[PDB]
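**Q** Sharing a structure below in structure tokens format, with a few things to ask.
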There are 4 protein chains.
Amino acid sequence: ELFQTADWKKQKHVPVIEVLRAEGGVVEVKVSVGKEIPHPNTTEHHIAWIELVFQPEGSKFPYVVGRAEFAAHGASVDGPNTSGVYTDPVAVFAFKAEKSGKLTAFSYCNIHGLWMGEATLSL
Amino acid sequence: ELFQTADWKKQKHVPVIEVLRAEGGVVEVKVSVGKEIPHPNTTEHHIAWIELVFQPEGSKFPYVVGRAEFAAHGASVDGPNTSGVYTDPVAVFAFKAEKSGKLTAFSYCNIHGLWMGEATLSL
Amino acid sequence: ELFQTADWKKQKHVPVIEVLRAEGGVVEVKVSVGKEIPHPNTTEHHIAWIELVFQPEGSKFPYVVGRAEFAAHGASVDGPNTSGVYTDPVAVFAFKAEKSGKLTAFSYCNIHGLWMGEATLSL
Amino acid sequence: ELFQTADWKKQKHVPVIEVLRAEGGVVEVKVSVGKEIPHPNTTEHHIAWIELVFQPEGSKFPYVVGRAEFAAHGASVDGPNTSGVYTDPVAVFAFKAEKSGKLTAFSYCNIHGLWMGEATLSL
Ligand SMILES: [Fe+2]
Ligand SMILES: [Fe+2]
Ligand SMILES: [Fe+2]
Ligand SMILES: [Fe+2]
């Protein structure tokens, strides 16, 4: 499987989903990589993006809610790891949802392949 | 000019930059379109993405911090605006910075073209 | 499983991979959805993107080659399907490969979910 | 202005736009970085994406045609520039247009900032 899954307590690359809030029709879901025990952010090694998917209970198909790209990793004309701008693999998605469902998160490490995390959304 | 810019309290499409935190190298910036006056989110008309660019003081070139795509706008097999899943154009960027610098936000409406906002990052 | 890998009856969603070039490692890969039987492209219903993944023979992890986003679906200030601009779901990924390996392409329809198709690239 | 522009014969960062087809409403646009003078593709220094924008002449607003991400730059578990997979900054955008218009392409280098090129689309 292209999408690797691991315990997030013991494994660095699993994208972790946290349902923070559910206000006025609007859910806010936090997704992060390297939550308890941190992942590197270097020119050579970094998390590039996270994509969040939501499949509502009555739906035949899942929907992509969004995608967060982490594009800065210290590269500059003065050489790798010199720009001082490093983007964290952490994202917050605000979306309107009416019913409950399964949230799926995908993440990509530039040297460690593709990863997946899951959680349930109760409305 | 392709990137339209106006007052954000006065115009729905201007992406608004809010520095939530900026202490000790640990920065968090909130970006949103339609802060004062909400922008619609239907399948036919919606904000599609936000891109954050950051240029540190000593740098000749700007760096892209990140990009947030907002992909769900209610489309489903039951017709447009039927899914109950709508992504709000608000994004949160967490990144490390070593110097202060200038922030630039870009946004896209599928029917109203491209937009821009600016702010300063103080550490 | 989220990624559907088998196409339906009269409806073509499976992303098709065609190798246009493979000369000494200088590769060109075309990916298309609904190549022969066109897939609809309207403001309400359209393919949003294709992502191509490549995993070399000696590699433990796969690498993402690229992603092509198709952003125009006819929406304009005059209403859905009025702008006359529609981006076709076809992409060309140009990359170097030094080894043979596995190609995996992913695509997303806004109302019909996520899809996966595969091919092997031989040098 | 963030988007730098130069002659593309004398500067390898300028995205070069080439109209491959424009027959009866069927447009094909090739955009590429480093047509004349190749740009390096290393883990440390590389072109990340190209975005195509088009404003049909009778339109108040420009439309984003598409966006191409070039994600592989040779990085692997054995260190930078070790994968043998390097994605070339070249993209092909296939789209429907009903009128002629103006094309604008934007591109990004991770250390050299943002770039812009223009061309006219006659149908
Ligand atoms: Fe990693
Ligand atoms: Fe708008
Ligand atoms: Fe579809
Ligand atoms: Fe460069």
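Naming scheme: A, B, ... for chains in displayed order of the structure tokens; residues 1 onward per chain; ligands 1 onward as shown.
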List all protein, DNA and RNA residues that have an atom no more than 9 Å from any atom of ligand 3, counting only C-alpha atoms and all ligand atoms, and report them as a ChimeraX atom specification.

**A** /B:77 /C:11-13,39-41,45-47,108-113

**Q** Can you tell me which residues surround region 92-100 of chain C at a distance of at most 8 Å, considering only C-alpha atoms, apart from same-chain residues fewer than 6 positions away, and format the answer as a list in words?

**A** residues 24, 25, 26, 27, 28, 29, 30, 31, 52, 56, 57, 65, 66, 120, 121, 122 and 123 of chain C; 84, 85, 86, 87, 88, 89, 90, 91 and 92 of chain D

**Q** Go ahead and align chain C to chain D (same sequence, so just pair every C-alpha in order, least squares) and export the moved chain as a JSON list (two decimals) with N, CA and C atoms, in the first residue's frame.

**A**
[["chain", "number", "residue", "atom", "x", "y", "z"],
["C", 1, "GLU", "N", 8.03, 45.28, -7.60],
["C", 1, "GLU", "CA", 6.95, 44.37, -7.95],
["C", 1, "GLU", "C", 7.42, 42.93, -7.80],
["C", 2, "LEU", "N", 6.56, 42.07, -7.27],
["C", 2, "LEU", "CA", 6.96, 40.70, -6.98],
["C", 2, "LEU", "C", 7.23, 39.85, -8.21],
["C", 3, "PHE", "N", 6.49, 40.08, -9.29],
["C", 3, "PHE", "CA", 6.59, 39.21, -10.46],
["C", 3, "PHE", "C", 7.60, 39.71, -11.47],
["C", 4, "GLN", "N", 8.75, 39.06, -11.55],
["C", 4, "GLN", "CA", 9.75, 39.59, -12.45],
["C", 4, "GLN", "C", 9.32, 39.22, -13.88],
["C", 5, "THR", "N", 9.56, 40.12, -14.83],
["C", 5, "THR", "CA", 9.09, 39.89, -16.21],
["C", 5, "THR", "C", 10.16, 40.05, -17.26],
["C", 6, "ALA", "N", 11.40, 40.12, -16.82],
["C", 6, "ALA", "CA", 12.51, 40.27, -17.72],
["C", 6, "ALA", "C", 13.56, 39.35, -17.18],
["C", 7, "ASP", "N", 14.01, 38.47, -18.07],
["C", 7, "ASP", "CA", 15.01, 37.45, -17.83],
["C", 7, "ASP", "C", 16.43, 38.03, -17.63],
["C", 8, "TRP", "N", 17.31, 37.32, -16.94],
["C", 8, "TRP", "CA", 18.63, 37.87, -16.64],
["C", 8, "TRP", "C", 19.63, 37.58, -17.75],
["C", 9, "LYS", "N", 20.91, 37.54, -17.40],
["C", 9, "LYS", "CA", 21.97, 37.29, -18.37],
["C", 9, "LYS", "C", 22.05, 35.83, -18.88],
["C", 10, "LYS", "N", 22.66, 34.94, -18.11],
["C", 10, "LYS", "CA", 22.85, 33.56, -18.52],
["C", 10, "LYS", "C", 21.84, 32.67, -17.82],
["C", 11, "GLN", "N", 20.78, 33.29, -17.32],
["C", 11, "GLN", "CA", 19.84, 32.57, -16.48],
["C", 11, "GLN", "C", 18.38, 32.76, -16.85],
["C", 12, "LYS", "N", 17.77, 31.66, -17.26],
["C", 12, "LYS", "CA", 16.44, 31.69, -17.84],
["C", 12, "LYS", "C", 15.27, 31.39, -16.90],
["C", 13, "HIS", "N", 14.64, 32.43, -16.35],
["C", 13, "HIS", "CA", 13.51, 32.20, -15.44],
["C", 13, "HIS", "C", 12.14, 32.56, -16.01],
["C", 14, "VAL", "N", 12.11, 33.37, -17.07],
["C", 14, "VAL", "CA", 10.84, 33.83, -17.62],
["C", 14, "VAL", "C", 10.10, 32.66, -18.27],
["C", 15, "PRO", "N", 8.85, 32.43, -17.83],
["C", 15, "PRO", "CA", 8.00, 31.33, -18.31],
["C", 15, "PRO", "C", 7.54, 31.60, -19.75],
["C", 16, "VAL", "N", 7.85, 30.68, -20.66],
["C", 16, "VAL", "CA", 7.59, 30.85, -22.09],
["C", 16, "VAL", "C", 6.33, 30.14, -22.55],
["C", 17, "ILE", "N", 5.43, 30.87, -23.21],
["C", 17, "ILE", "CA", 4.15, 30.29, -23.64],
["C", 17, "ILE", "C", 4.10, 29.92, -25.14],
["C", 18, "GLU", "N", 3.84, 28.65, -25.43],
["C", 18, "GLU", "CA", 3.68, 28.19, -26.81],
["C", 18, "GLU", "C", 2.35, 27.49, -27.04],
["C", 19, "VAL", "N", 1.58, 28.02, -27.99],
["C", 19, "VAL", "CA", 0.29, 27.46, -28.39],
["C", 19, "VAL", "C", 0.42, 26.30, -29.36],
["C", 20, "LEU", "N", 0.21, 25.08, -28.89],
["C", 20, "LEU", "CA", 0.41, 23.90, -29.73],
["C", 20, "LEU", "C", -0.82, 23.71, -30.62],
["C", 21, "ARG", "N", -2.00, 24.03, -30.09],
["C", 21, "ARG", "CA", -3.23, 23.88, -30.86],
["C", 21, "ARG", "C", -4.18, 25.02, -30.57],
["C", 22, "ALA", "N", -4.96, 25.34, -31.59],
["C", 22, "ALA", "CA", -5.96, 26.41, -31.53],
["C", 22, "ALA", "C", -7.02, 26.16, -32.61],
["C", 23, "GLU", "N", -7.70, 25.02, -32.52],
["C", 23, "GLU", "CA", -8.63, 24.61, -33.56],
["C", 23, "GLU", "C", -10.08, 24.76, -33.11],
["C", 24, "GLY", "N", -10.70, 25.83, -33.61],
["C", 24, "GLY", "CA", -12.11, 26.10, -33.39],
["C", 24, "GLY", "C", -12.43, 26.23, -31.91],
["C", 25, "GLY", "N", -11.43, 26.57, -31.11],
["C", 25, "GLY", "CA", -11.71, 26.71, -29.70],
["C", 25, "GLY", "C", -11.13, 25.58, -28.87],
["C", 26, "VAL", "N", -10.57, 24.57, -29.53],
["C", 26, "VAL", "CA", -9.98, 23.44, -28.82],
["C", 26, "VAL", "C", -8.47, 23.71, -28.74],
["C", 27, "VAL", "N", -8.07, 24.29, -27.62],
["C", 27, "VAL", "CA", -6.74, 24.84, -27.44],
["C", 27, "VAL", "C", -5.80, 23.97, -26.62],
["C", 28, "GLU", "N", -4.54, 23.95, -27.03],
["C", 28, "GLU", "CA", -3.49, 23.35, -26.24],
["C", 28, "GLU", "C", -2.31, 24.31, -26.01],
["C", 29, "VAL", "N", -2.02, 24.62, -24.74],
["C", 29, "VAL", "CA", -0.93, 25.55, -24.39],
["C", 29, "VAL", "C", 0.19, 24.90, -23.58],
["C", 30, "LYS", "N", 1.42, 24.98, -24.10],
["C", 30, "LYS", "CA", 2.62, 24.47, -23.44],
["C", 30, "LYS", "C", 3.35, 25.61, -22.77],
["C", 31, "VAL", "N", 3.65, 25.46, -21.48],
["C", 31, "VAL", "CA", 4.46, 26.47, -20.81],
["C", 31, "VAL", "C", 5.76, 25.85, -20.28],
["C", 32, "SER", "N", 6.86, 26.54, -20.48],
["C", 32, "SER", "CA", 8.13, 25.98, -20.09],
["C", 32, "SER", "C", 9.04, 27.07, -19.60],
["C", 33, "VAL", "N", 9.93, 26.68, -18.69],
["C", 33, "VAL", "CA", 10.93, 27.57, -18.15],
["C", 33, "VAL", "C", 12.26, 27.01, -18.54],
["C", 34, "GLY", "N", 13.09, 27.81, -19.19],
["C", 34, "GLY", "CA", 14.41, 27.30, -19.52],
["C", 34, "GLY", "C", 14.24, 26.24, -20.58],
["C", 35, "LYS", "N", 13.49, 26.55, -21.63],
["C", 35, "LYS", "CA", 13.19, 25.56, -22.65],
["C", 35, "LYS", "C", 14.44, 25.23, -23.44],
["C", 36, "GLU", "N", 15.08, 26.27, -23.94],
["C", 36, "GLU", "CA", 16.32, 26.14, -24.68],
["C", 36, "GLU", "C", 17.50, 26.03, -23.71],
["C", 37, "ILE", "N", 17.63, 26.99, -22.79],
["C", 37, "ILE", "CA", 18.72, 26.90, -21.84],
["C", 37, "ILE", "C", 18.11, 26.34, -20.58],
["C", 38, "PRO", "N", 18.34, 25.03, -20.33],
["C", 38, "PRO", "CA", 17.71, 24.38, -19.18],
["C", 38, "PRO", "C", 18.01, 25.11, -17.88],
["C", 39, "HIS", "N", 17.02, 25.11, -17.01],
["C", 39, "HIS", "CA", 17.15, 25.70, -15.69],
["C", 39, "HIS", "C", 17.55, 24.56, -14.78],
["C", 40, "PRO", "N", 18.37, 24.85, -13.76],
["C", 40, "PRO", "CA", 18.76, 23.71, -12.93],
["C", 40, "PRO", "C", 17.58, 23.07, -12.21],
["C", 41, "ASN", "N", 17.67, 21.76, -12.00],
["C", 41, "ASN", "CA", 16.70, 21.03, -11.20],
["C", 41, "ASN", "C", 17.37, 20.12, -10.18],
["C", 42, "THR", "N", 17.75, 20.68, -9.04],
["C", 42, "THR", "CA", 18.31, 19.87, -7.98],
["C", 42, "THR", "C", 17.50, 20.08, -6.71],
["C", 43, "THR", "N", 17.77, 19.25, -5.71],
["C", 43, "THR", "CA", 17.04, 19.33, -4.45],
["C", 43, "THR", "C", 17.16, 20.73, -3.84],
["C", 44, "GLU", "N", 18.29, 21.40, -4.10],
["C", 44, "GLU", "CA", 18.56, 22.69, -3.49],
["C", 44, "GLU", "C", 17.97, 23.81, -4.32],
["C", 45, "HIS", "N", 17.89, 23.60, -5.64],
["C", 45, "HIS", "CA", 17.49, 24.65, -6.59],
["C", 45, "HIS", "C", 16.67, 24.07, -7.74],
["C", 46, "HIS", "N", 15.44, 24.56, -7.88],
["C", 46, "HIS", "CA", 14.48, 24.00, -8.82],
["C", 46, "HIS", "C", 13.28, 24.93, -8.99],
["C", 47, "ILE", "N", 12.58, 24.83, -10.12],
["C", 47, "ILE", "CA", 11.30, 25.52, -10.34],
["C", 47, "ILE", "C", 10.14, 24.71, -9.74],
["C", 48, "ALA", "N", 9.29, 25.32, -8.94],
["C", 48, "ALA", "CA", 8.27, 24.53, -8.25],
["C", 48, "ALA", "C", 6.96, 24.41, -9.04],
["C", 49, "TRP", "N", 6.56, 25.48, -9.69],
["C", 49, "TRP", "CA", 5.29, 25.44, -10.35],
["C", 49, "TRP", "C", 5.09, 26.51, -11.41],
["C", 50, "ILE", "N", 4.08, 26.29, -12.23],
["C", 50, "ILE", "CA", 3.63, 27.23, -13.23],
["C", 50, "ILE", "C", 2.10, 27.33, -13.12],
["C", 51, "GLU", "N", 1.57, 28.54, -13.21],
["C", 51, "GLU", "CA", 0.13, 28.73, -13.19],
["C", 51, "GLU", "C", -0.20, 29.46, -14.48],
["C", 52, "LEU", "N", -1.21, 29.00, -15.22],
["C", 52, "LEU", "CA", -1.67, 29.72, -16.41],
["C", 52, "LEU", "C", -3.00, 30.43, -16.23],
["C", 53, "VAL", "N", -3.04, 31.71, -16.60],
["C", 53, "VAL", "CA", -4.27, 32.52, -16.54],
["C", 53, "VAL", "C", -4.71, 32.98, -17.91],
["C", 54, "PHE", "N", -6.02, 32.98, -18.12],
["C", 54, "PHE", "CA", -6.58, 33.35, -19.41],
["C", 54, "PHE", "C", -7.71, 34.35, -19.21],
["C", 55, "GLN", "N", -7.66, 35.47, -19.92],
["C", 55, "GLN", "CA", -8.76, 36.44, -19.87],
["C", 55, "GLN", "C", -9.36, 36.72, -21.26],
["C", 56, "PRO", "N", -10.59, 36.22, -21.51],
["C", 56, "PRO", "CA", -11.39, 36.40, -22.73],
["C", 56, "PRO", "C", -11.72, 37.86, -23.03],
["C", 57, "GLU", "N", -11.85, 38.18, -24.31],
["C", 57, "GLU", "CA", -12.04, 39.56, -24.77],
["C", 57, "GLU", "C", -13.19, 40.32, -24.12],
["C", 58, "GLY", "N", -14.32, 39.66, -23.95],
["C", 58, "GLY", "CA", -15.43, 40.31, -23.30],
["C", 58, "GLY", "C", -15.47, 40.18, -21.78],
["C", 59, "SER", "N", -14.40, 39.68, -21.16],
["C", 59, "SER", "CA", -14.46, 39.38, -19.73],
["C", 59, "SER", "C", -13.75, 40.43, -18.85],
["C", 60, "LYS", "N", -14.48, 40.94, -17.85],
["C", 60, "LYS", "CA", -13.98, 41.92, -16.89],
["C", 60, "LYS", "C", -12.93, 41.32, -15.96],
["C", 61, "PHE", "N", -13.10, 40.04, -15.67],
["C", 61, "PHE", "CA", -12.20, 39.30, -14.80],
["C", 61, "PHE", "C", -11.54, 38.18, -15.59],
["C", 62, "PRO", "N", -10.27, 37.86, -15.27],
["C", 62, "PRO", "CA", -9.52, 36.72, -15.80],
["C", 62, "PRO", "C", -9.86, 35.43, -15.07],
["C", 63, "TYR", "N", -9.64, 34.30, -15.71],
["C", 63, "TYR", "CA", -9.83, 33.01, -15.06],
["C", 63, "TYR", "C", -8.52, 32.23, -15.01],
["C", 64, "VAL", "N", -8.28, 31.54, -13.90],
["C", 64, "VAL", "CA", -7.15, 30.63, -13.81],
["C", 64, "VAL", "C", -7.49, 29.36, -14.59],
["C", 65, "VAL", "N", -6.63, 28.98, -15.55],
["C", 65, "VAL", "CA", -6.86, 27.74, -16.30],
["C", 65, "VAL", "C", -6.38, 26.54, -15.50],
["C", 66, "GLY", "N", -5.15, 26.62, -15.05],
["C", 66, "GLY", "CA", -4.59, 25.53, -14.28],
["C", 66, "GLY", "C", -3.25, 25.81, -13.66],
["C", 67, "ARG", "N", -2.74, 24.80, -12.98],
["C", 67, "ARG", "CA", -1.50, 24.91, -12.25],
["C", 67, "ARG", "C", -0.86, 23.54, -12.34],
["C", 68, "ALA", "N", 0.43, 23.49, -12.67],
["C", 68, "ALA", "CA", 1.17, 22.23, -12.69],
["C", 68, "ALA", "C", 2.29, 22.24, -11.65],
["C", 69, "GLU", "N", 2.25, 21.30, -10.73],
["C", 69, "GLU", "CA", 3.29, 21.23, -9.71],
["C", 69, "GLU", "C", 4.33, 20.18, -10.03],
["C", 70, "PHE", "N", 5.59, 20.58, -9.88],
["C", 70, "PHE", "CA", 6.71, 19.71, -10.13],
["C", 70, "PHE", "C", 7.35, 19.34, -8.80],
["C", 71, "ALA", "N", 7.13, 18.10, -8.36],
["C", 71, "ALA", "CA", 7.40, 17.71, -6.99],
["C", 71, "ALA", "C", 8.72, 16.94, -6.78],
["C", 72, "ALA", "N", 9.23, 16.27, -7.81],
["C", 72, "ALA", "CA", 10.45, 15.49, -7.60],
["C", 72, "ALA", "C", 11.73, 16.26, -7.93],
["C", 73, "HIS", "N", 12.65, 16.30, -6.97],
["C", 73, "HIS", "CA", 13.95, 16.96, -7.15],
["C", 73, "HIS", "C", 15.14, 16.16, -6.63],
["C", 74, "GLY", "N", 15.06, 14.84, -6.73],
["C", 74, "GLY", "CA", 16.18, 13.95, -6.49],
["C", 74, "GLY", "C", 16.43, 13.57, -5.05],
["C", 75, "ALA", "N", 15.72, 14.21, -4.13],
["C", 75, "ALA", "CA", 15.92, 13.91, -2.74],
["C", 75, "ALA", "C", 15.46, 12.49, -2.47],
["C", 76, "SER", "N", 16.19, 11.81, -1.60],
["C", 76, "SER", "CA", 15.78, 10.50, -1.11],
["C", 76, "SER", "C", 16.45, 10.25, 0.22],
["C", 77, "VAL", "N", 16.13, 9.11, 0.82],
["C", 77, "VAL", "CA", 16.74, 8.68, 2.07],
["C", 77, "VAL", "C", 18.26, 8.56, 1.97],
["C", 78, "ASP", "N", 18.77, 8.47, 0.75],
["C", 78, "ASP", "CA", 20.20, 8.39, 0.53],
["C", 78, "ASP", "C", 20.83, 9.78, 0.37],
["C", 79, "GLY", "N", 20.03, 10.83, 0.56],
["C", 79, "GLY", "CA", 20.54, 12.19, 0.47],
["C", 79, "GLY", "C", 20.07, 12.96, -0.75],
["C", 80, "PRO", "N", 20.41, 14.26, -0.83],
["C", 80, "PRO", "CA", 19.97, 15.05, -1.98],
["C", 80, "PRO", "C", 20.58, 14.51, -3.28],
["C", 81, "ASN", "N", 19.84, 14.58, -4.37],
["C", 81, "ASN", "CA", 20.32, 14.19, -5.70],
["C", 81, "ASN", "C", 20.77, 12.74, -5.82],
["C", 82, "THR", "N", 19.98, 11.84, -5.24],
["C", 82, "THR", "CA", 20.29, 10.42, -5.21],
["C", 82, "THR", "C", 19.16, 9.51, -5.69],
["C", 83, "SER", "N", 17.96, 10.06, -5.84],
["C", 83, "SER", "CA", 16.78, 9.23, -6.18],
["C", 83, "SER", "C", 16.69, 8.95, -7.66],
["C", 84, "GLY", "N", 17.24, 9.85, -8.46],
["C", 84, "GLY", "CA", 17.19, 9.72, -9.90],
["C", 84, "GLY", "C", 15.91, 10.16, -10.57],
["C", 85, "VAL", "N", 14.97, 10.70, -9.78],
["C", 85, "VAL", "CA", 13.68, 11.18, -10.26],
["C", 85, "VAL", "C", 13.60, 12.71, -10.18],
["C", 86, "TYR", "N", 13.47, 13.35, -11.34],
["C", 86, "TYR", "CA", 13.43, 14.80, -11.43],
["C", 86, "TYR", "C", 12.37, 15.23, -12.40],
["C", 87, "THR", "N", 11.41, 16.02, -11.93],
["C", 87, "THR", "CA", 10.33, 16.50, -12.76],
["C", 87, "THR", "C", 10.73, 17.78, -13.47],
["C", 88, "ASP", "N", 10.59, 17.81, -14.79],
["C", 88, "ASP", "CA", 10.91, 18.97, -15.61],
["C", 88, "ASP", "C", 9.80, 20.02, -15.49],
["C", 89, "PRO", "N", 10.19, 21.31, -15.45],
["C", 89, "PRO", "CA", 9.27, 22.46, -15.44],
["C", 89, "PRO", "C", 8.65, 22.73, -16.81],
["C", 90, "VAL", "N", 7.82, 21.81, -17.28],
["C", 90, "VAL", "CA", 7.08, 22.03, -18.51],
["C", 90, "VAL", "C", 5.66, 21.54, -18.32],
["C", 91, "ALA", "N", 4.69, 22.32, -18.77],
["C", 91, "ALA", "CA", 3.29, 21.95, -18.58],
["C", 91, "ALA", "C", 2.49, 22.15, -19.84],
["C", 92, "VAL", "N", 1.45, 21.32, -20.00],
["C", 92, "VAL", "CA", 0.49, 21.45, -21.08],
["C", 92, "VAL", "C", -0.93, 21.62, -20.54],
["C", 93, "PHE", "N", -1.56, 22.75, -20.83],
["C", 93, "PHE", "CA", -2.92, 23.07, -20.37],
["C", 93, "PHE", "C", -3.93, 22.95, -21.50],
["C", 94, "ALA", "N", -4.86, 22.00, -21.39],
["C", 94, "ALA", "CA", -5.85, 21.84, -22.44],
["C", 94, "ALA", "C", -7.19, 22.39, -22.03],
["C", 95, "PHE", "N", -7.66, 23.38, -22.78],
["C", 95, "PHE", "CA", -8.92, 23.98, -22.46],
["C", 95, "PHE", "C", -9.60, 24.44, -23.72],
["C", 96, "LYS", "N", -10.89, 24.68, -23.54],
["C", 96, "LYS", "CA", -11.73, 25.31, -24.54],
["C", 96, "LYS", "C", -11.77, 26.81, -24.37],
["C", 97, "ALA", "N", -11.69, 27.51, -25.49],
["C", 97, "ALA", "CA", -11.89, 28.95, -25.46],
["C", 97, "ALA", "C", -12.85, 29.17, -26.60],
["C", 98, "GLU", "N", -13.75, 30.12, -26.39],
["C", 98, "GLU", "CA", -14.75, 30.47, -27.38],
["C", 98, "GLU", "C", -14.36, 31.80, -27.96],
["C", 99, "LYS", "N", -13.57, 32.55, -27.20],
["C", 99, "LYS", "CA", -13.09, 33.83, -27.68],
["C", 99, "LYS", "C", -11.57, 33.95, -27.63],
["C", 100, "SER", "N", -11.06, 35.01, -28.23],
["C", 100, "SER", "CA", -9.65, 35.30, -28.14],
["C", 100, "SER", "C", -9.47, 35.98, -26.80],
["C", 101, "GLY", "N", -8.23, 36.09, -26.34],
["C", 101, "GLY", "CA", -7.97, 36.74, -25.06],
["C", 101, "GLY", "C", -6.52, 36.73, -24.67],
["C", 102, "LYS", "N", -6.23, 37.15, -23.45],
["C", 102, "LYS", "CA", -4.85, 37.28, -22.99],
["C", 102, "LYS", "C", -4.41, 36.11, -22.12],
["C", 103, "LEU", "N", -3.22, 35.56, -22.41],
["C", 103, "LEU", "CA", -2.64, 34.49, -21.60],
["C", 103, "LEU", "C", -1.51, 35.06, -20.70],
["C", 104, "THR", "N", -1.60, 34.73, -19.42],
["C", 104, "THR", "CA", -0.59, 35.16, -18.49],
["C", 104, "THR", "C", -0.13, 33.94, -17.75],
["C", 105, "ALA", "N", 1.17, 33.66, -17.79],
["C", 105, "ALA", "CA", 1.70, 32.53, -17.05],
["C", 105, "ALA", "C", 2.62, 32.99, -15.92],
["C", 106, "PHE", "N", 2.46, 32.38, -14.75],
["C", 106, "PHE", "CA", 3.31, 32.66, -13.58],
["C", 106, "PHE", "C", 4.13, 31.45, -13.17],
["C", 107, "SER", "N", 5.39, 31.69, -12.81],
["C", 107, "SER", "CA", 6.23, 30.62, -12.28],
["C", 107, "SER", "C", 7.08, 31.03, -11.07],
["C", 108, "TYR", "N", 7.47, 30.01, -10.30],
["C", 108, "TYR", "CA", 8.21, 30.22, -9.06],
["C", 108, "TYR", "C", 9.42, 29.35, -8.96],
["C", 109, "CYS", "N", 10.56, 30.00, -8.80],
["C", 109, "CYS", "CA", 11.80, 29.31, -8.51],
["C", 109, "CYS", "C", 11.98, 29.36, -7.00],
["C", 110, "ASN", "N", 12.47, 28.28, -6.41],
["C", 110, "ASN", "CA", 12.51, 28.23, -4.95],
["C", 110, "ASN", "C", 13.47, 29.21, -4.32],
["C", 111, "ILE", "N", 14.47, 29.64, -5.08],
["C", 111, "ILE", "CA", 15.43, 30.62, -4.58],
["C", 111, "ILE", "C", 15.49, 31.90, -5.39],
["C", 112, "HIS", "N", 14.86, 31.91, -6.56],
["C", 112, "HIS", "CA", 14.89, 33.08, -7.43],
["C", 112, "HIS", "C", 13.53, 33.74, -7.65],
["C", 113, "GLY", "N", 12.59, 33.53, -6.74],
["C", 113, "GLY", "CA", 11.33, 34.24, -6.75],
["C", 113, "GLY", "C", 10.26, 33.93, -7.79],
["C", 114, "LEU", "N", 9.41, 34.93, -8.05],
["C", 114, "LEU", "CA", 8.21, 34.80, -8.86],
["C", 114, "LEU", "C", 8.35, 35.49, -10.22],
["C", 115, "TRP", "N", 7.79, 34.87, -11.26],
["C", 115, "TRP", "CA", 7.99, 35.33, -12.64],
["C", 115, "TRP", "C", 6.70, 35.37, -13.46],
["C", 116, "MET", "N", 6.65, 36.24, -14.46],
["C", 116, "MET", "CA", 5.45, 36.39, -15.26],
["C", 116, "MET", "C", 5.79, 36.59, -16.71],
["C", 117, "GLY", "N", 5.10, 35.85, -17.56],
["C", 117, "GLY", "CA", 5.26, 35.99, -18.99],
["C", 117, "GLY", "C", 3.88, 35.99, -19.62],
["C", 118, "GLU", "N", 3.77, 36.60, -20.79],
["C", 118, "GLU", "CA", 2.48, 36.75, -21.44],
["C", 118, "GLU", "C", 2.47, 36.42, -22.92],
["C", 119, "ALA", "N", 1.27, 36.10, -23.40],
["C", 119, "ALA", "CA", 0.98, 35.91, -24.82],
["C", 119, "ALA", "C", -0.50, 36.13, -25.03],
["C", 120, "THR", "N", -0.89, 36.37, -26.27],
["C", 120, "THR", "CA", -2.29, 36.54, -26.58],
["C", 120, "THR", "C", -2.71, 35.32, -27.38],
["C", 121, "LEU", "N", -3.92, 34.84, -27.11],
["C", 121, "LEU", "CA", -4.48, 33.70, -27.81],
["C", 121, "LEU", "C", -5.56, 34.20, -28.77],
["C", 122, "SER", "N", -5.35, 33.99, -30.07],
["C", 122, "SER", "CA", -6.31, 34.43, -31.09],
["C", 122, "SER", "C", -7.04, 33.27, -31.77],
["C", 123, "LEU", "N", -8.36, 33.41, -31.89],
["C", 123, "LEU", "CA", -9.17, 32.41, -32.57],
["C", 123, "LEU", "C", -9.70, 32.93, -33.92]]

**Q** Using DSSP assignments from the backbone, pull out every residue in chain D that falls under strand (DSSP E) and give it to me as an MDAnalysis selection string.

**A** chainID D and resid 3:4 15:23 26:33 47:56 63:70 86:87 90:96 101:109 113:121
